[PDB]
Amino acid sequence: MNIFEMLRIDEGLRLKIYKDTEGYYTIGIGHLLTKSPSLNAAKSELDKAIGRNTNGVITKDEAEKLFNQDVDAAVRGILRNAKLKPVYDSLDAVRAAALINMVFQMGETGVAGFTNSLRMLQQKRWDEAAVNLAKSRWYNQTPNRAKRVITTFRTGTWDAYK
């Protein structure tokens, strides 16, 4: 299993414009279109993204394609990010996916704010990191995802996903 499969699980697949849980226009596999309340705006952002006039509708392939860009971007940010990189560097193939899942979900800045958990991970203090991550807003709010990702950092296995 890998980051793609994991996120596809976490984000689901929607081929028609939807609203994320903050009310933001979204599509596909967690592709945020715009933070504008204007549906016209998101449709316009979409067409721009796809390269065609979609009418707020995309194909599974178009989605997979945006998905790929998104994942790549998430990895780059981690890498451009100063708090992140060193953590990414200390993590195994599996736990690295988990980190990436968080960045994708909350953004560079968002993830870089888990100050204690990040040092704990950095130190390979799994359980404790886990213990602490569970004490977040993030987890309270998206407990299903949070839990899986937390179990991922703790075990270094795909169990929570199997």
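A few comments on the model shown:
- Inter-residue pairs, beta-carbon under 8 Å, first farther than 9 Å from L46 by Cβ and in segment 24-36, second among the basic types (K, R) and part of a loop (DSSP other than H, G, I, E, B), 6+ apart: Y24/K35
- Positions within segment 17-70 being of a type in the set (S, T, Y) and in a loop (DSSP other than H, G, I, E, B), in sequence order: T21, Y24, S36, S38, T54, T59
- Residue satisfying all of: in segment 61-75; charged (D, E, K, R) and loosely packed, with under 12 Cβ neighbours inside 10 Å; farthest from the chain's Cα centre (by Cα) among these: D61
- Test for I9: is it assigned to a strand (DSSP E or B), surrounded by 14 or more Cβ atoms within 10 Å (Cβ to Cβ) and on the phi < 0 side of the Ramachandran plot: no
- Selection from segment 148-162 of residues that are in a loop (DSSP other than H, G, I, E, B) and either within 15 Å of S117 (Cα to Cα) or not aromatic (F, W, Y) (or both): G156, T157, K162
- Candidates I78, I29, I17 - the one that is of a type in the set (A, V, I, L, M) and more than 25 Å from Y161 (Cα to Cα): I17
- For segment 98-113, the condition holds for no residue, the condition being that it is hydroxyl-bearing (S, T, Y) and either in contact with a strand residue (DSSP E or B) (Cβ under 6 Å, 6 or more places away or on another chain) or outside any helix (DSSP H, G or I) (or both).
- Condition check for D89: out of contact with any helix residue (DSSP H, G or I) (no Cβ under 8 Å at 6 or more places or on another chain) and either not in a helix (DSSP H, G or I) or not aliphatic (A, V, I, L, M) (or both): yes
- Selection within segment 127-140 - surrounded by fewer than 18 Cβ atoms within 10 Å (Cβ to Cβ) and either in contact (Cβ under 8 Å) with a residue 24 or more places away in the chain or outside any helix (DSSP H, G or I) (or both): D127, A134, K135, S136
- Residue selected from segment 103-125 under the condition surrounded by 23 or more Cβ atoms within 10 Å (Cβ to Cβ) and within 20 Å of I29 (Cα to Cα), by the criterion nearest to the chain's Cα centre (by Cα): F104
- Filtering segment 43-93 to residues that are without any contact (Cβ under 8 Å) to a residue 24 or more places away in the chain and acidic (D, E) leaves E45, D47, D61, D72, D89.
- Residue tally, condition buried (at least 16 other Cβ atoms within 10 Å of the Cβ), more than 19 Å from the chain's Cα centre (by Cα) and β-branched (V, I, T), over segment 26-60: 3
- Considering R95, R145, the condition of being over 19 Å from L32 (Cβ atoms), part of a helix (DSSP H, G or I) and of a type in the set (D, E, K, R) is satisfied by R95 alone.
- Unmet requirement for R145, which otherwise passes all of (1) within 18 Å of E5 (Cβ to Cβ); (2) without any contact (Cβ under 8 Å) to a residue 12 or more places away in the chain: (2)
Each value in this text was obtained by applying a stated rule to the coordinates, not by laboratory testing. With ideal geometry, Cβ positions are generated from the backbone for all residues, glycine too; neighbour counts draw on all protein chains shown.
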